[PDB]
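J.: So here's final_15.txt, just compact mmCIF, C-alpha atoms:
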# COMPACT_ATOMS: atom_id res chain seq x y z
CA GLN A 150 -11.53 16.39 24.04
CA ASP A 151 -8.82 17.57 21.60
CA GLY A 152 -7.32 16.69 18.23
CA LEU A 153 -6.03 18.09 15.20
CA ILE A 154 -6.01 18.82 11.47
CA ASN A 155 -2.60 19.05 9.82
CA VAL A 156 -2.39 21.15 6.66
CA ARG A 157 -0.05 20.44 3.74
CA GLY A 158 -0.09 22.68 0.65
CA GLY A 159 -3.67 23.13 -0.53
CA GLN A 160 -3.69 23.42 -4.30
CA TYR A 161 -6.10 25.31 -6.46
CA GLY A 162 -9.86 24.78 -6.45
CA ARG A 163 -10.41 22.40 -3.52
CA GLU A 164 -13.15 23.15 -1.00
CA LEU A 165 -11.84 22.47 2.50
CA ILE A 166 -14.50 22.16 5.20
CA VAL A 167 -14.24 20.93 8.79
CA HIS A 168 -17.25 18.88 9.83
CA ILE A 169 -17.09 19.22 13.64
CA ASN A 170 -20.43 18.69 15.44
CA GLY A 171 -22.20 17.92 12.13
CA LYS A 172 -22.06 21.52 10.89
CA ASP A 173 -20.04 22.67 7.90
CA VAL A 174 -17.41 24.77 9.66
CA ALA A 175 -14.30 26.48 8.20
CA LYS A 176 -15.29 26.64 4.51
CA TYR A 177 -12.67 27.75 1.98
CA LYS A 178 -11.48 26.72 -1.47
CA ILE A 179 -8.02 27.68 -2.67
CA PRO A 180 -8.71 29.91 -5.70
CA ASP A 181 -7.78 29.07 -9.31
CA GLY A 182 -4.27 30.15 -10.28
CA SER A 183 -4.21 33.35 -12.29
CA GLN A 184 -1.16 33.77 -10.85
CA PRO A 185 0.31 36.32 -8.38
CA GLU A 186 -1.94 36.30 -5.29
CA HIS A 187 -2.75 32.61 -5.75
CA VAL A 188 0.78 31.24 -5.41
CA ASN A 189 1.12 32.92 -2.02
CA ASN A 190 -2.28 31.35 -1.30
CA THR A 191 -1.49 27.70 -2.07
CA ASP A 192 0.64 27.23 1.08
CA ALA A 193 -0.48 25.43 4.22
CA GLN A 194 0.53 28.21 6.58
CA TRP A 195 -1.77 30.95 5.29
CA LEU A 196 -4.62 28.43 5.34
CA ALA A 197 -3.66 27.46 8.90
CA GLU A 198 -5.02 30.76 10.20
CA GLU A 199 -7.60 31.17 7.42
CA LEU A 200 -9.26 27.89 8.34
CA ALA A 201 -8.87 28.64 12.05
CA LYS A 202 -10.27 32.18 12.02
CA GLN A 203 -13.63 30.87 10.81
CA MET A 204 -13.64 28.23 13.56
CA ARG A 205 -13.14 31.06 16.04
CA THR A 206 -16.35 32.59 14.69
CA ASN A 207 -18.34 29.34 14.55
CA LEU A 208 -18.87 27.37 17.82
CA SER A 209 -17.08 29.97 19.28
CA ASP A 210 -16.75 28.63 22.86
CA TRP A 211 -13.16 27.37 22.80
CA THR A 212 -9.79 28.68 21.65
CA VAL A 213 -7.67 27.70 18.64
CA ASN A 214 -3.88 27.63 18.21
CA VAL A 215 -1.63 26.51 15.32
CA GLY A 216 2.05 25.71 15.13
CA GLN A 217 3.74 24.57 11.84
CA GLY A 218 1.49 21.82 12.47
CA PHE A 219 -2.07 21.57 12.54
CA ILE A 220 -5.27 23.09 13.76
CA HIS A 221 -5.47 22.09 17.44
CA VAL A 222 -9.19 21.79 18.00
CA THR A 223 -9.94 21.44 21.74
CA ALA A 224 -13.37 21.69 23.37
CA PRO A 225 -14.51 22.62 26.91
CA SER A 226 -15.88 20.06 29.36
CA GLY A 227 -19.45 20.22 28.05
CA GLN A 228 -18.92 19.49 24.35
CA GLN A 229 -16.79 16.96 22.45
CA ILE A 230 -15.54 16.45 18.90
CA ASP A 231 -18.09 13.81 17.83
CA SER A 232 -18.43 13.20 14.05
CA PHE A 233 -14.95 14.55 13.30
CA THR A 234 -14.33 14.50 9.55
CA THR A 235 -12.53 17.08 7.43
CA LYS A 236 -12.93 17.08 3.64
CA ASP A 237 -9.79 17.23 1.53
CA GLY A 238 -10.78 18.09 -2.05
CA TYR A 239 -7.54 16.60 -3.38
CA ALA A 240 -6.38 13.13 -2.27
CA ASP A 241 -5.87 12.22 1.40
CA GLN A 242 -2.36 13.76 1.33
CA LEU A 243 -3.79 17.30 1.26
CA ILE A 244 -5.10 17.69 4.82
CA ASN A 245 -5.96 15.05 7.40
CA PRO A 246 -8.29 14.94 10.37
CA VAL A 247 -6.04 13.03 12.74
CA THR A 248 -7.18 12.08 16.24
CA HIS A 249 -5.93 10.32 19.40
CA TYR A 250 -6.03 6.95 17.56
CA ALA A 251 -3.68 6.16 14.70
CA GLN A 252 -3.55 2.85 12.85
CA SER A 253 0.24 2.69 12.44
CA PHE A 254 3.37 4.46 13.62
CA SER A 255 4.06 5.77 10.12
CA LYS A 256 0.63 7.40 9.87
CA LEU A 257 1.30 9.97 12.58
CA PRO A 258 1.06 13.78 12.59
CA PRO A 259 4.32 15.78 12.41
CA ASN A 260 4.00 18.37 15.21
CA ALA A 261 0.91 17.40 17.35
CA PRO A 262 1.73 19.81 20.18
CA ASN A 263 3.46 18.86 23.37
CA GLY A 264 0.54 17.76 25.52
CA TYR A 265 -0.82 15.05 23.22
CA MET A 266 -1.18 11.24 23.18
CA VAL A 267 -2.07 8.68 20.50
CA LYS A 268 -3.30 5.13 21.01
CA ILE A 269 -1.38 3.29 18.31
CA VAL A 270 -3.60 0.38 17.32
CA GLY A 271 -2.26 -2.79 15.74
CA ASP A 272 -1.28 -2.75 12.06
CA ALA A 273 -2.90 -6.22 11.64
CA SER A 274 0.42 -7.32 10.11
CA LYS A 275 2.44 -8.19 13.21
CA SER A 276 1.33 -9.87 16.41
CA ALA A 277 1.35 -6.54 18.23
CA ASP A 278 -0.61 -5.05 21.11
CA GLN A 279 -1.93 -1.50 21.33
CA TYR A 280 0.73 0.76 22.82
CA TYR A 281 0.55 4.51 23.40
CA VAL A 282 3.16 7.06 22.35
CA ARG A 283 2.75 10.56 23.95
CA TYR A 284 4.76 13.22 22.12
CA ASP A 285 6.56 15.09 24.89
CA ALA A 286 8.69 17.06 22.95
CA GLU A 287 11.08 19.99 23.32
CA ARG A 288 12.60 17.60 20.70
CA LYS A 289 10.53 16.13 17.86
CA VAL A 290 10.16 12.56 19.14
CA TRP A 291 7.35 10.07 19.83
CA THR A 292 8.20 8.04 22.97
CA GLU A 293 6.20 5.28 24.68
CA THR A 294 4.40 6.06 27.95
CA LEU A 295 1.67 4.92 30.33
CA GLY A 296 -2.02 4.61 29.54
CA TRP A 297 -4.16 7.66 30.14
CA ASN A 298 -6.74 6.37 32.60
CA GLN B 150 -25.20 -5.02 -0.31
CA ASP B 151 -22.91 -1.96 -0.03
CA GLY B 152 -19.49 -0.74 -1.14
CA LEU B 153 -17.71 2.13 -2.31
CA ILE B 154 -15.76 4.17 -4.86
CA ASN B 155 -13.05 6.45 -3.47
CA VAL B 156 -12.16 9.48 -5.57
CA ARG B 157 -8.68 11.03 -5.78
CA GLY B 158 -8.03 14.04 -8.02
CA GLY B 159 -9.43 13.35 -11.48
CA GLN B 160 -7.23 15.03 -14.05
CA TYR B 161 -8.21 16.40 -17.41
CA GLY B 162 -9.89 14.36 -20.14
CA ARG B 163 -10.68 11.05 -18.42
CA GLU B 164 -14.14 9.52 -18.79
CA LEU B 165 -15.26 8.17 -15.43
CA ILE B 166 -18.19 5.74 -15.54
CA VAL B 167 -19.61 3.45 -12.86
CA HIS B 168 -20.68 0.09 -14.25
CA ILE B 169 -23.18 -1.04 -11.58
CA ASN B 170 -25.78 -3.59 -12.80
CA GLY B 171 -24.18 -3.69 -16.28
CA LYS B 172 -25.38 -0.20 -17.24
CA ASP B 173 -23.09 2.76 -17.84
CA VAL B 174 -24.01 4.91 -14.85
CA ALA B 175 -22.44 8.20 -13.66
CA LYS B 176 -20.72 9.33 -16.88
CA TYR B 177 -18.38 12.34 -16.72
CA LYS B 178 -14.99 13.33 -18.10
CA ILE B 179 -12.97 16.06 -16.42
CA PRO B 180 -12.69 18.76 -19.11
CA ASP B 181 -9.45 19.86 -20.80
CA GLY B 182 -7.61 22.62 -18.94
CA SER B 183 -8.14 26.04 -20.45
CA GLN B 184 -7.68 27.12 -17.27
CA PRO B 185 -9.92 28.87 -14.68
CA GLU B 186 -13.04 26.70 -14.25
CA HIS B 187 -11.07 23.52 -14.92
CA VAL B 188 -8.64 23.76 -12.00
CA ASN B 189 -11.56 23.97 -9.57
CA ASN B 190 -12.91 20.96 -11.49
CA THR B 191 -9.92 18.61 -11.21
CA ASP B 192 -10.52 17.91 -7.49
CA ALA B 193 -12.06 14.74 -6.09
CA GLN B 194 -14.60 16.53 -3.92
CA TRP B 195 -16.57 18.30 -6.66
CA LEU B 196 -16.66 15.01 -8.57
CA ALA B 197 -17.84 13.24 -5.40
CA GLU B 198 -21.26 14.86 -5.74
CA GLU B 199 -21.10 15.18 -9.54
CA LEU B 200 -20.68 11.43 -9.93
CA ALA B 201 -23.24 10.78 -7.20
CA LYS B 202 -25.98 13.09 -8.48
CA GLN B 203 -26.23 11.06 -11.68
CA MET B 204 -26.46 7.83 -9.67
CA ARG B 205 -29.38 9.40 -7.81
CA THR B 206 -31.09 9.81 -11.18
CA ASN B 207 -30.20 6.36 -12.54
CA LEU B 208 -31.41 3.26 -10.60
CA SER B 209 -32.88 5.58 -8.47
CA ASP B 210 -34.19 3.24 -5.74
CA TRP B 211 -31.55 3.75 -3.05
CA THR B 212 -29.80 6.70 -1.42
CA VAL B 213 -26.22 7.96 -1.82
CA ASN B 214 -23.91 9.68 0.69
CA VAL B 215 -20.28 10.84 0.47
CA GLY B 216 -17.76 11.82 3.11
CA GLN B 217 -14.15 12.88 2.21
CA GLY B 218 -14.15 9.43 1.15
CA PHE B 219 -15.93 7.68 -1.41
CA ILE B 220 -19.26 7.10 -3.04
CA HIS B 221 -21.11 4.77 -0.65
CA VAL B 222 -23.25 2.73 -3.00
CA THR B 223 -25.79 0.67 -1.01
CA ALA B 224 -28.77 -1.20 -2.45
CA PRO B 225 -32.13 -2.30 -0.97
CA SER B 226 -32.94 -5.93 -0.17
CA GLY B 227 -34.08 -6.80 -3.69
CA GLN B 228 -31.05 -5.74 -5.75
CA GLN B 229 -27.30 -6.17 -5.30
CA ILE B 230 -24.10 -4.68 -6.73
CA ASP B 231 -23.26 -7.51 -9.16
CA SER B 232 -20.72 -6.69 -11.91
CA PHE B 233 -19.18 -3.83 -9.94
CA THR B 234 -16.46 -2.15 -12.00
CA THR B 235 -15.65 1.55 -12.27
CA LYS B 236 -13.47 2.85 -15.11
CA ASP B 237 -10.58 5.12 -14.24
CA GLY B 238 -9.33 6.79 -17.43
CA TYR B 239 -5.94 7.47 -15.84
CA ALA B 240 -4.05 4.68 -14.01
CA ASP B 241 -5.57 2.73 -11.11
CA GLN B 242 -4.56 5.51 -8.66
CA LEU B 243 -7.29 7.83 -10.00
CA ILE B 244 -10.45 6.22 -8.60
CA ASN B 245 -11.01 2.69 -7.32
CA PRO B 246 -14.05 0.46 -7.03
CA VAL B 247 -13.27 -1.07 -3.65
CA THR B 248 -15.53 -3.68 -2.08
CA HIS B 249 -15.86 -5.82 1.08
CA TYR B 250 -12.83 -7.90 -0.01
CA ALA B 251 -9.34 -6.45 -0.16
CA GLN B 252 -6.22 -8.38 -1.10
CA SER B 253 -3.88 -6.74 1.43
CA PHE B 254 -3.99 -4.43 4.42
CA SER B 255 -2.16 -1.70 2.49
CA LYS B 256 -4.74 -1.73 -0.31
CA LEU B 257 -7.55 -0.39 1.84
CA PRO B 258 -9.87 2.62 1.43
CA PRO B 259 -9.18 5.71 3.58
CA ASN B 260 -12.59 6.61 5.06
CA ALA B 261 -15.01 3.68 4.29
CA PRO B 262 -17.74 4.90 6.64
CA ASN B 263 -18.30 3.63 10.13
CA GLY B 264 -20.57 0.65 9.49
CA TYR B 265 -18.27 -1.26 7.12
CA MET B 266 -16.27 -4.51 7.07
CA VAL B 267 -13.58 -5.95 4.77
CA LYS B 268 -12.53 -9.57 4.43
CA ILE B 269 -8.77 -9.22 4.14
CA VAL B 270 -7.64 -12.16 2.03
CA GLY B 271 -4.14 -13.57 2.16
CA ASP B 272 -1.33 -11.70 0.40
CA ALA B 273 0.07 -15.06 -0.86
CA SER B 274 3.40 -13.96 0.63
CA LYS B 275 3.01 -15.02 4.26
CA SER B 276 1.37 -18.11 5.71
CA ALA B 277 -1.67 -16.07 6.72
CA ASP B 278 -5.36 -16.80 7.13
CA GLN B 279 -8.22 -14.54 6.08
CA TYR B 280 -9.05 -12.14 8.90
CA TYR B 281 -11.66 -9.37 8.92
CA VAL B 282 -11.08 -5.77 9.98
CA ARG B 283 -14.30 -3.70 10.53
CA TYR B 284 -13.61 0.04 10.60
CA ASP B 285 -15.48 1.26 13.68
CA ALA B 286 -14.25 4.54 13.81
CA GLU B 287 -14.90 7.80 15.64
CA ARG B 288 -11.08 7.51 15.15
CA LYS B 289 -9.55 6.53 11.80
CA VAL B 290 -8.51 2.95 12.62
CA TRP B 291 -9.01 -0.55 11.17
CA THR B 292 -9.38 -3.06 14.04
CA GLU B 293 -9.93 -6.84 13.89
CA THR B 294 -13.38 -8.23 14.72
CA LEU B 295 -15.66 -11.24 14.38
CA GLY B 296 -16.94 -12.75 11.16
CA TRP B 297 -20.17 -11.40 9.79
CA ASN B 298 -22.35 -14.51 9.62
Can I see the file as structure tokens?
T.:
Amino acid sequence: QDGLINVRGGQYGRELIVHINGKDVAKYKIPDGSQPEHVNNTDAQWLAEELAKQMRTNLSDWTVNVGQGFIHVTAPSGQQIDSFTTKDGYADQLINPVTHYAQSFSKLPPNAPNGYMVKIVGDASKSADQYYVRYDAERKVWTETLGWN
Amino acid sequence: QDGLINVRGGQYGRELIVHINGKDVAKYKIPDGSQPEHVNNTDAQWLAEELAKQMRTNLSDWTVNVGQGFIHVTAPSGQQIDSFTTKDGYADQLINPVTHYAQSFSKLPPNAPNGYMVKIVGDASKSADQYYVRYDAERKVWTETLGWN
């Protein structure tokens, strides 16, 4: 019942969709560069509201906020974020659907706003258990805290 | 009896084929940039159905699906994916035929959809055995599970 899609510099001609709840939500491709309006377009920040303003129209029952970040999808008590994929168009380094479960400490979202926790799972390279981090911030830092339940 | 070809940003003038069952299947080269239709073309996502729609025409007995991903080739009980290579045109970082056997944890496909297992073989750098991972997701994470048979 929350979790987030960080945006990083969408280049030209890449259809970005968000596949929450099975439906194709937040459809946009960054248009082909002929140049002047397109170079202001290729940033992540203008997309960060352009992707989000369509998700305020579609399924439509919960509120969206973005900071430098992400797109902080968060549902009410009835619905959840099952089948959460988000197509990239370019390689994986374009945008990422990142959730409450990362597979390493290095693969971790930059902002992920203050009330947020990740179950870091083992890297399968060290003999490590599965600790949790909980960004807290006021200061951009991933600590280590208690389990959620 | 499954396994997958991740696509990452095919640049201009690179013939991509998929060599399943010996035959040259899914032939396309990304056309030379003169510019406007070609910059929408150079993405991985438009290729992800363009490569797959030819494999729905050729050998033709099994269904294809793609998510953000890959091309999830999966055969029926009679046929298998023997001689599975997939030409890249650019370097190895363009597209990769990746199967149920990786040689390290770092060399591992990003999505590889939920019902999928990899035999991680030893890196020949540590004194390590050959453990299996089994992506499970709902959460983009490679765990460690039981053997298949």
J.: Could you please tell me, as a VMD selection string, which residues of chain A have an atom within 10 Å of chain B when using all atoms listed in the file?
T.: chain A and resid 160 to 166 168 178 to 183 230 to 242 245 to 253 269 to 274
J.: In terms of the shortest atom-to-atom distance over all atoms listed in the file, which of A:208, A:200, A:258, A:152 is closest to residue 172 of chain A?
T.: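 Closest candidate: A:208.
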J.: Could you tell me how far atom CA of residue 263 of chain B lies from atom CA of residue 266 of chain A, in Å and to one decimal?
T.: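 According to the coordinates, atom CA of residue 263 of chain B and atom CA of residue 266 of chain A are separated by 22.8 Å.
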J.: Name all residues at most 12 Å from residue 210 of chain B (count all atoms listed in the file; drop same-chain ones fewer than 2 positions away) and give them as a list in words.
T.: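 In the requested format, the answer is residues 204, 205, 206, 207, 208, 212, 213, 222, 223, 224, 225, 226, 227, 228 and 229 of chain B.
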J.: Provide the atom CA of residue 264 of chain A to atom CA of residue 154 of chain A distance in Å, to one decimal place.
T.: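 Separation between atom CA of residue 264 of chain A and atom CA of residue 154 of chain A: 15.5 Å.
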J.: Hey, can you check how far atom CA of residue 215 of chain A sits from atom CA of residue 201 of chain A?
T.: 8.2 Å
